[PDB]
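Below is one structure, written out as structure tokens; comments come after it.
Cβ coordinates were reconstructed from backbone atoms using ideal geometry, including for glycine residues, and neighbour counts include every protein chain displayed. Each value in this text was obtained by applying a stated rule to the coordinates, not by laboratory testing.
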Amino acid sequence: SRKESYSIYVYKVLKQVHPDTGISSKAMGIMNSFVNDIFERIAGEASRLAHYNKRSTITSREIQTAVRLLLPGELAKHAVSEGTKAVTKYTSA
Amino acid sequence: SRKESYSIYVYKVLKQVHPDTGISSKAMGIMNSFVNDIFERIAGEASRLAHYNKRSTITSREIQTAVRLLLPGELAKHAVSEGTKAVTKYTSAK
Amino acid sequence: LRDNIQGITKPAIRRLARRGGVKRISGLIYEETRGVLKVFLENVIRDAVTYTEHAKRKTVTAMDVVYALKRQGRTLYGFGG
Amino acid sequence: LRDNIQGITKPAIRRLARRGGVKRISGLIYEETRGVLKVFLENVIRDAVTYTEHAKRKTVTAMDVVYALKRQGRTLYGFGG
Amino acid sequence: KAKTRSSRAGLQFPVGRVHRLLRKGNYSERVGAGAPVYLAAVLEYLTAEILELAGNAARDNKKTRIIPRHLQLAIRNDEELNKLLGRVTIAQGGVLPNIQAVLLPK
Amino acid sequence: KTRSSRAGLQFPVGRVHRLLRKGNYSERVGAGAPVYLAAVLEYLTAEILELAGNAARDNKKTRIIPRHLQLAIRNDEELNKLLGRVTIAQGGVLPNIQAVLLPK
Amino acid sequence: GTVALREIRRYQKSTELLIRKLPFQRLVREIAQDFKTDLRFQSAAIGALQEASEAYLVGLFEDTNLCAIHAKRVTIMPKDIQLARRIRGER
Amino acid sequence: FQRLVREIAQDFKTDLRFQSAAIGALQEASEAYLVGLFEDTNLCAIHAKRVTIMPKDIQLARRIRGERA
DNA sequence: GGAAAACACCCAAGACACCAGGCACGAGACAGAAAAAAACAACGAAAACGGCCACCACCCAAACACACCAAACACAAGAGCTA
DNA sequence: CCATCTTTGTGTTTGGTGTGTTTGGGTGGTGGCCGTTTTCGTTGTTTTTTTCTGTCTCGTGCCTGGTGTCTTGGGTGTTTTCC
């Protein structure tokens, strides 16, 4: 049928970090579930923040603060830096 | 900008169940927080469960199933029975 | 079906304890472990069967069981979601 | 404000342990209770601070605190939640 | 005369208010008619049970004022209510009196 | 032409934007939110796949197995702190014996 | 004592399921029967139930081993089971 | 306790005013957490055939609760 | 149809439980010390509200290429036996 | 435990298409900004108060050594019941 998956993009980042390493289908499903879970957590918390401040728009800010809210330690800092760099690279292109 | 609250209805049901007992303003705040929290829990579970079945409507069935999912034990059965009684009473009138 | 929980054999409980790093096992551990497993299975199966009943289905699918364990704070990776 | 972790005095933490039904108190436990209280306060204060910073405010209100606590599965009733 | 839905269904809780909060609380584009009635009935039953047990617990304490202490007593002394409200802390509720059996002297 | 190429990302920005729009979170979604979310997802998946590839290399294996993913998750303080309440199917447990139980 | 450490090392290095499939399947069907009759079951749901129950039991046994270690013992007891369950919050 | 809360909050960003209700909520949450932890630690001490709680019971209670990794 | 594994039975060995003893360490009370608490006033950073004004995202409509299915052949490491 | 000859079944790549992502323009309002008010949060001073800190004596709870026994562990052959 038409089921969506993150297979191609995970393959791209895998060959980016490890060109000579493969991955099993069960691990592929695990990666898809992980990406979906993290997406759901961040998006739901960002929506909750938007609901708190009586706002109707999700911008980069609430996503950033959700990232700091969820991810612990250095992880969150590096994710915030990477997202900010992606945002300015998109805006300057 | 008068913030809404459930104070009057909580006082009404308390006077219904205990005519000779009053309630402190702090206990009113706790009861308001409890009612609000239960509202958010049931509404969020119903919205999720509706999103699972690709449905756009929260009906009495979704609320009933959320109540069965959340409330533990006899509380669920009593709440479901009284809710069904309320629904059929509303449907029998207009 | 009558008295089937005893089908979870004593060496199976031994292997599960060995996975957890347990060196010595008392003889009364097995019945309590069986009771705990029964309670956990009942708790998960109740929510899973409620999810099936709401959807007007007659078969329990993997997605319902995943959703139900996730609702119990026991999120499962590898079976959809 | 300089090292006021000692403000959580020994009779106070003794009272807190006493409410839990504890009869005897070791002499070395007080630093451990101060440490775990510092850790818990650190986490909740951090979450409240970033909640306030997202709201473009300079004063932490009770709503941010109750929100942060409820997000950690420690829902508090009675403060406008 | 435009009769309220609460009076039509025989409820004390406001059907219109919970309907508005469900419609405005970003769940789904459209909301069925029976859902606010059902939710208000469930909320009514729960607050009736909690307030009943709290009034009874106050009555054993020879008090006419419901305080957070009586609410905490009512919640923690009922098994299913303790199961439902497991992860909540009642402000100014205190702790139930519990002393262990082997903790006591002989 | 694609927003992913403009943002220098491999994850599909349009897919995240569509999921946010039809996911019933808010009425409107800004342009920077899907880019930020895609960047966060890519960084997290790159980190966990890097640790999984390191674990697979240490185990002399060429295909990543869910065992390797379990090892990579449990050997990282930040990742297992994030994923404390997650049980990996066919992942097993981390090998750990207590100090006092070893023989004498 | 030696074969205890051999079993610990073997099972902690292995990844296959340790609960036998058919008794667990019959147990799941027997438990689910008393909630609703004529119930069908997908195989993947049974496998997910088996994996989740095995992970939960492994975690419970690890915490129970910690409790047994606390009392200067090496043998786990039922009182360790209810101590771990009580502290973890199950009833 | 208010000074301690201000000391912890100072480490992230200064000039942060703290409403009395926020400080009271923080105090109530901290007392509830400490009372629950001491109940669990008393259970741990009772399990080890002791009536005096030790820091090792605190660490074990936090370990099994999942708060400490 | 097939075969790997639970299960009953019999010896053995060693950790748990109880007793006894000793030590040390919190508990209890008196005395001295601290500073928390309540009342009260001042200054002002900043929060809530209001009014204005504009850039940003939704909506329709047309278009084309990335991502899906079908289908093909490759090759990682699992099977048993060696050392 | 790793290693090699041989198997295999599942990972990887490639063609066709259709659906989903991309471009163009137009509208309406959500939200950014500024300015004013005024509530409340902090910071400072004084007295009563009550608790906190320190020191001395000592009662009993925690820790350690010895015995033994009974409880569990190990090996074996079989049937059976899971695959």
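Per-structure values
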quantity: Helical mean residue ellipticity (222 nm; -39500 (n - 2.57) per DSSP H run of 4+; nearest 500) of chain F; calculated: -16500 deg cm²/dmol
quantity: Mean Cα-pair separation over length for chain D, i.e. relative contact order, pairs under 8 Å, 6 or more apart, %; calculated: 19
quantity: Highest-fluctuation residue, F:71, F:19, F:94 considered, GNM on chain F with Cα pairs under 10 Å; calculated: F:19
quantity: Computed FRET value (nearest 0.05) for residue D:59 with residue C:57, which takes r as the C-beta separation and R₀ as 51 Å; calculated: 0.45
quantity: Peptide F:4-16 - average C-beta neighbours from other chains (10 Å radius); calculated: 4
quantity: Segment G:3-15 - phi-based ³J(HN,Hα) in whole Hz, Karplus 6.51/-1.76/1.60, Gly and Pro as x; calculated: 5, 5, 5, 5, 5, 4, 5, 5, 6, 6, 8, 8, 10
quantity: Label point distance in nm, residue A:1-residue E:59, each placed 7 Å from Cα along Cα→Cβ; calculated: 5.7
quantity: Principal axis box of the protein assembly as shown, alpha-carbon based, largest edge first, Å; calculated: 81, 79, 68
quantity: Net charge dipole size for chain B [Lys, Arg +1 and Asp, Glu -1 on Cβ; Debye, nearest 20]; calculated: 320
quantity: Cα pair distances exceeding 16 angstrom across chain B, given as percent; calculated: 68
quantity: Whole-Hz couplings from phi, Karplus 6.51/-1.76/1.60, listed for segment F:10-22; x for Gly and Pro; calculated: 9, 6, x, 5, x, 5, 5, 4, 5, 5, 5, 5, 9
quantity: In degrees, nearest ten, helix H:55-65 long axis to first principal axis of chain H (Cα); calculated: 80
quantity: Inter-label distance for residue A:85 and residue C:9, nm, one decimal - labels placed 7 Å from Cα along Cα-to-Cβ; calculated: 5.6
quantity: Computed Kirkwood radius, in angstrom, where 1/r is averaged over Cα pairs of chain E; calculated: 16.8
quantity: Set of segment G:67-83 residues, backbone N closer than 15 Å to the point 7 Å along the Cα-Cβ line of residue H:50; calculated: G:67-73
quantity: Where only alpha carbons of segment C:4-69 are counted, the Rg and the Dmax (Å); calculated: 15.6, 48
quantity: Helix C:10-19 vs. chain C, principal-axis angle (Cα, 0 to 90°, nearest 10); calculated: 90
quantity: Between chain H and segment D:15-81, the alpha-carbon center distance in angstrom; calculated: 7
quantity: Hz values of 3J(HN,Hα) by residue in segment C:33-43 - Karplus curve (6.51, -1.76, 1.60), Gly and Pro given as x; calculated: 4, 4, x, 5, 4, 4, 4, 4, 4, 4, 4
quantity: Centre separation in Å (Cα based) which lies between segment A:27-88 and segment G:1-56; calculated: 35
quantity: Calculated SAXS-style log₁₀ I(q)/I(0) at q = 0.15, 0.26, 0.32 Å⁻¹ - segment F:19-69, Debye, Cα scatterers; calculated: -0.57, -0.91, -1.12
quantity: Distance cut-off 21 Å, percentage of C-alpha pairs in chain H lying past it; calculated: 45
quantity: Within chain B, helix-based [θ] at 222 nm, where runs of 4 or more DSSP H residues each add -39,500 (n - 2.57), nearest 500; calculated: -24500 deg cm²/dmol
quantity: Above-threshold pairs, the threshold being 32 Å between Cα atoms, out of B:12/D:70; D:56/F:81; B:89/C:38; calculated: B:89/C:38
quantity: Segment F:1-74-segment G:68-82 distance, computed between alpha-carbon centres (Å); calculated: 43
quantity: Rough spin-label spacing in nm, given labels placed 7 Å along Cα→Cβ, for residue G:72 and residue B:51; calculated: 5.5
quantity: Computed helical MRE - 222 nm, chain G, DSSP H runs ≥ 4 contributing -39500 (n - 2.57), nearest 500; calculated: -23500 deg cm²/dmol
quantity: P(r) of chain G over all Cα-Cα pairs, binned every 5 Å from zero, in whole percent; calculated: 3, 11, 15, 17, 17, 17, 11, 6, 3, 1, 0
quantity: Relative contact order computed over segment E:4-106 (Cα-Cα under 8 Å; 6+ residues apart), in percent; calculated: 18
